[PDB]
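A lone chain, given as C-alpha cells: the form deposited in one PDB entry.
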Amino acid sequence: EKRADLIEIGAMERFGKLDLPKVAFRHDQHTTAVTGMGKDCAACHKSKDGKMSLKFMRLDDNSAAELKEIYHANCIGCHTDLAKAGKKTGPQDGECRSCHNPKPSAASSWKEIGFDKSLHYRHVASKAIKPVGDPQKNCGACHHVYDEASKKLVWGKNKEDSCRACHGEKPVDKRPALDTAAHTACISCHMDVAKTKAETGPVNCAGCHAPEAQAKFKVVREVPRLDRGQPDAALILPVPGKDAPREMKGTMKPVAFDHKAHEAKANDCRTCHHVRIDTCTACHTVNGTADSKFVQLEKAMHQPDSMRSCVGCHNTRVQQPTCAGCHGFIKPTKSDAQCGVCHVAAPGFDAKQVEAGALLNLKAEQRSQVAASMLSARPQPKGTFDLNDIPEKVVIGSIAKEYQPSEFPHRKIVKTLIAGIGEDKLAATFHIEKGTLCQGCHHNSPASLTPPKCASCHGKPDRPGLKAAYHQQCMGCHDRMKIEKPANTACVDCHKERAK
C-alpha cells in the first residue's frame, strides 16, 4: 500500500471549484505497463525543442474546458483501447468514480532526495558526464547562472550552488520551482546516459523517492574535496553592515576558522551554508538584518541547538557515548578561557582596529594569511596530566553503612575515557587544561591534580546529598556511555555485601 509514485491530478482547480474529486494516478504503475506495451514517455508527455514537458499531453494550460478534454480523451482512450484488446487496463469512460475517487488510492512512502557529498562526488566522478568549458571540469554539465549580457544561462565557474539556492517552492519569474528544475534536469540526463548503457541514475518515481531505493545507493566513504574556490582558512569578523545607524560594533576578538578541516568532517556544504554559498555576515550582521530575519551574528555562531552554529554542531558532537559520559554531567563555564578558543588575537592588529573594520575589505588571499596565522598560533594541545600521577584506586567509604566501601578503579576509567576520545580534534582543542578532563567528574573546582573530595560540597551537610551525588554520577555516566558492566541494578558490583 506504500507508494512513492502517487500524483493527485488537480490541475483545473486553478480555473475554479472542482465538481468531482481530484484523480489519483500511480506514475510507476503506468510507465511499467506502457514500457511493456512497447511505448515510452512520449505516450503521455510532449516535447518542445528537445525538452520534455512534465505536463500530461500538452504544453500549456489554456482553459478549464481544454484541460478537461485533454485528460478525458487521452486518459480514457488508452484504457478503452486496451480493454477491447483484452489487456489489463484502467477505468472505462463510464466509471467516473473509479478515477474521481473520493477515497485515497494508497499510502505514501514518498521521501525527498538530495546529494550528500558522496552522491555529488559519484556524479562528478562519472565518465558518462563529460567536461564542459574546461579540459577536466564537469561542473558546467549541471550548474548555471543567468548571464544578463547574453540573456541566457551559462556555467558560472566557482559560482556553483545547490539548486535550492535559486529554485524555490514556487516559480519566481522565469526560475522554475525546485521540483520542476530537478525533474527536468536530473531525469533527462539519467535517461540519456541510459541509452549508452553506461551506469546511470533512476527514472522511476520510486527510484528516487522510495526509502527502500534510497537505502541501496552506493556510498563513497572517502570523498575528495569539492573545490569551488573556498578558503582553507577563513577570518570571521563582527561585520556591522550598512543598515541601522548607528550600527552595533563587535566587542570580542576575531575568529579564525579551519574551513578545510571542517569540510572533510561535514557531509555537504548546505549544513552550514543553509541559504546559499556566501559569507554568513552577508545576512547575519552583528545587529542582524531583514535578510536574516534579524537573527544576529552572535546567534548564528552560538545557537546551542542548531546544527548550523559553531557551538550547536559541536554540541551534537558531544552527545556521542564517548563524550556524553562527561558532557551529560558537566555545566559549561562560559569562562574567558573557553571563549578564547575561538576568539583570538590577530597578528599586527589591535582590538580597536578590528571592531573598526580594518579587516573588512582585505583580499581573500590576505585574510587567509591572517587567519592561517591565527590558526597556527593557537597553542599546542596540552593533553592531560600523566595518569601515573593520579591514584590508581580510591576507596569511597565516607558513608559506608549498608555495604562495604566502594573500591573505585580510578585510574583505569580515566585511561579508558582518554582512549575513547582518541584523536578527536574537538576534544583535543577545547580541553585546554591538563586537568580539564578531571573536571568531567570533579566539577565546580579548578582544574587540578588534587581535586577536593565530593563530601566537601555534598551531603555533609540546591545540591544532592552524598549518596545521591555518587549514584547519579556513577550510574549516570554508565548509562550515557552504554557501559554494560557493572549494571546499575547490580547492587554489589560497586560495593560488596555487608557481611553475610
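Note that the rigid core is defined as the largest set of C-alphas that superpose within 1.5 Å between two forms. Residue indices: 1-based, along the sequence shown.
Only in words, not in the display: the form deposited in another entry, which the text now covers.
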**Report entry** C-alpha displacement of 2 Å or more between the shown form and the other one on the rigid core, among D389, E247, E199, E402
**Finding:** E247
Query raised in the report: Is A358 one of the residues whose Cα moves 2 Å or more between the shown form and the other one, with the core superposed?
Result: yes
Requested in this report: Taking the shown form as the reference, report whether the CA atoms of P254 and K352 lie closer or farther apart in the other entry; the distance changes by 3 angstroms or more.
Outcome: closer
